């Protein structure tokens, strides 16, 4: 009775105070992210001590409650969560050192540049990413690929071993075995590893076929002397810095070159699209579903484009919740092209989620699981990418209809959606093994590439050496942001697309579905999002789809036509799926 009452009272206080403290912290973190300076860094590190103080205080009190003797389900869940102090469990000295290391890694990544002797210095966004996406010259791609790793990657190495030591220490102090074990607990699912492995295995026929097909095309453009038709693909040729998405080399793999084009950049530019207009369109798609519009304040405080006042900023896109239920922002160095419009939708998906669960106790303001949070935005972007919708935006002449234009579309989608499966799976497999200690610092890079070869069928264009730390050249590594969430997202977003389309009355091939304006679709998601982190995620999964598991079925259904086409096309050329000569390197 009174224990239950003491618990209930504790949660209420934790909420009121956390809102204030958390809001304050977000403010300083935002000031640092949109203006990297010595002052803002100082203020951020100091705010780290403030929020840590609050976290230590309430966490300690939370641990005195005996959760598993508390009646109410919502309060028992909140208190269990508060008992996890995360970084605040570290002794004062280790905390300050850990906080600095995280700040230093993030800054190093976000300010790194690759320069030409006595010429121009390029930044990742938008310079280097543009080169990786548009250059079709082996040497130019190589320069940007190797340079980005020399400058950003190598620069993170000095910090990573201490970072692993400290984040692991914190996890242990919180009852976990290592940091990887702590990250996985976010999905409250004992069978997570096996469940993910199975999903990955299911998308292997599709990936191997896409892989073999793309390899053949790269062999055509880059020469037989540079592409082994039975080996891994040079990692700097896929149109993206980390070869995580391949749509930027669509021009080199177009199944039916005769079909009506679907380039939209020149159209977006000519028709005066701007970052602003790009986010407005995402907002309109959301409201078209009967979902929430971003607040007037969003447009006033967000950083929707890279500043031109000489401010140094963290360009990697991110959505921000300031924990007051009114202030939400996006910080994106937006460029005008379809690929970034898709990123804009992704970010807006996070914002929608913030607005949907804003009225829940701050402890429960999270996605059912990190995967869900990443998926929302992507679901709508699937509809936006269809020829039909792009045409309705005037970015396309026609939407086609021909089976050829149809295979071309699935191919462009697969270049991003399917190629991402093994990359997204790989990242944390590497980290979990780094966190559990099976991969020591002397083996960081070698193990990374063993995974790059094993899962993606990729090989580095130039031998790696002692001092290289390629993982460091990928944002989430130095920023300490879990990655398995994106793997889950990519699987489940198709399950959601499939459910929202059925709810919208769509009939026929799933890839032809566009939920724009469907209030039914909007309601399916809203009900699930409002739950925040209050219930086990399988409940949110069922509300949306009707079943409670993760499943690759939706994604396979979406790509079935392409799989069949790829099979026949690859067998016609007698392609050997996989990379037997796995040891080959350009």
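Residue numbers count along the first chain shown, from 1.
The stretch with the higher mean CA B factor, choosing between 119 to 127 and 138 to 146, is 119 to 127. With 574 to 582 and 20 to 28 compared on mean CA B-factor from the PDB entry, the stretch scoring higher is 574 to 582. Within the group 52, 529, 544, 554, the record's highest C-alpha temperature factor is found at 52. Residue set 503, 330, 333, 179: peak C-alpha B-factor at 503 (per PDB entry). Among the modelled residues of its chain, residue 395 has a C-alpha B-factor that falls in the highest third according to the deposited record. Sort the modelled residues of the chain by CA B factor and residue 323 lands in the highest third. For residue 558, the recorded CA temperature factor ranks within the lowest third of the chain's modelled residues. For residue 86, the recorded CA B-factor ranks within the highest third of the chain. Only modelled residues enter the ranking.
Among the modelled residues of its chain, residue 165 has a C-alpha B-factor that falls in the middle third, as given in the PDB entry.
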